[PDB]
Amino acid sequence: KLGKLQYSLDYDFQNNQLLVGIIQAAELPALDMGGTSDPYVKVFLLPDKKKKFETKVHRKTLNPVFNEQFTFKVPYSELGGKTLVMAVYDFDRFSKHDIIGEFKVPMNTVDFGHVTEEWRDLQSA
């Protein structure tokens, strides 16, 4: 039971930009003492992997609402072969951050006709 993530996708054909909205997460597991976590979401495209975005950290909550959006420059002919990675991490001051759960979206599964808004269950990373 690794919780769930709500996101959105849209593609800007004019500028060849993928718009990824990180809306919120729910029912996240507690990684810290005191029954909480400090979730933030790392977002990037495979196989590229260098261009990364991170939401703000939302401290001591298992149900963070992020309302953020990131844009990736992706030439359309390259798009179908990409995989969107959205990884929920636990923020921690004193050690390497652990992943709470993550979800991957193959871009060839997406109807890029209109804007799309989805819930997905997180998977172990």
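Numbering starts at 1 and runs along the sequence shown.
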item	value
Comparing 20-28 with 103-111, the one whose average Cα B-factor in the PDB entry is higher	103-111
Higher-B stretch (mean Cα B-factor, as the entry records it), 46-54 or 31-39	46-54
Third of the chain, ranked by Cα B-factor, where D92 sits	lowest
Position of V74 among the chain's modelled residues by C-alpha B-factor, lowest, middle or highest third	middle
